[PDB]
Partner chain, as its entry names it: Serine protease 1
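Shown next as structure tokens: one chain only, the form deposited without its partner chain.
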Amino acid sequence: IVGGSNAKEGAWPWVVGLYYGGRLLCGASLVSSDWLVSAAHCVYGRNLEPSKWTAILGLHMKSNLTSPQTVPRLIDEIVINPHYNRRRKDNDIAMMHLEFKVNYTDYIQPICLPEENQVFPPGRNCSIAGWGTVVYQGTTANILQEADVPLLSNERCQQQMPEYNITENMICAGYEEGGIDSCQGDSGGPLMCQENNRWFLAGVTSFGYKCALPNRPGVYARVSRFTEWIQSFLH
């Protein structure tokens, strides 16, 4: 989020801040009582020691960890998607198991899951979150930022992104003139779209050419394809 505004305390309870050695790297998405969903490019090479990842649940400000609503948890299992490929950046999704269960509160709620074959029409606005970076060559933001980006078709995204290979597992999202788009320290977070008063999980920030650039949308891993793979672990 580069051209967004601060989010109210509790406006995004399903946004988990993952730390690795006392430093946030990539946000996650609370899906179940003990499972998360994060991009498989920040946990790539760190799944051997899950105890190094501390999941900060219900975080609002990155300098207020002593909050009575913040519930820190540990990771004991990091399952990277088998079809992942770092060179093609395809199937960029991974699930991280929590140490202990966490109770549901007004500031900690699990995110939804998109059903099979759910057509998301292009041009539909979807909200993002995460303690990313407000500018490419700058510093991260302390407050939980938020933004809104519309969905683009795969053909238009492929025409706009010739350097990469946008497959059928990538749902792009971004403005036409840029200005508002996810940046560093936002990967592994969610692409939320409201439907029937419910915020689904229609994408996870995977990669992108550059952030805050005109006519350069961000690529998001289509969670609508990995629905069964995620549900196989929640049971």
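Positions refer to the first chain, counted from 1.
Keep in mind the form solved in complex with its partner chain is missing from the figure; the text below concerns it.
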Original post:
So in the entry with it bound, does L24 come within 4.5 Å of its partner chain, heavy atom to heavy atom?
Top reply: yes
Subject >> Residue contact check: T140 to its partner chain in the entry with it bound, 4.5 Å heavy atom >> reply: yes
Original post:
Is there any non-hydrogen atom of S51 lying within 4.5 Å of its partner chain in the entry with it bound?
Top reply: no
Original post:
Is there any non-hydrogen atom of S63 lying within 4.5 Å of its partner chain in the entry with it bound?
Top reply: yes
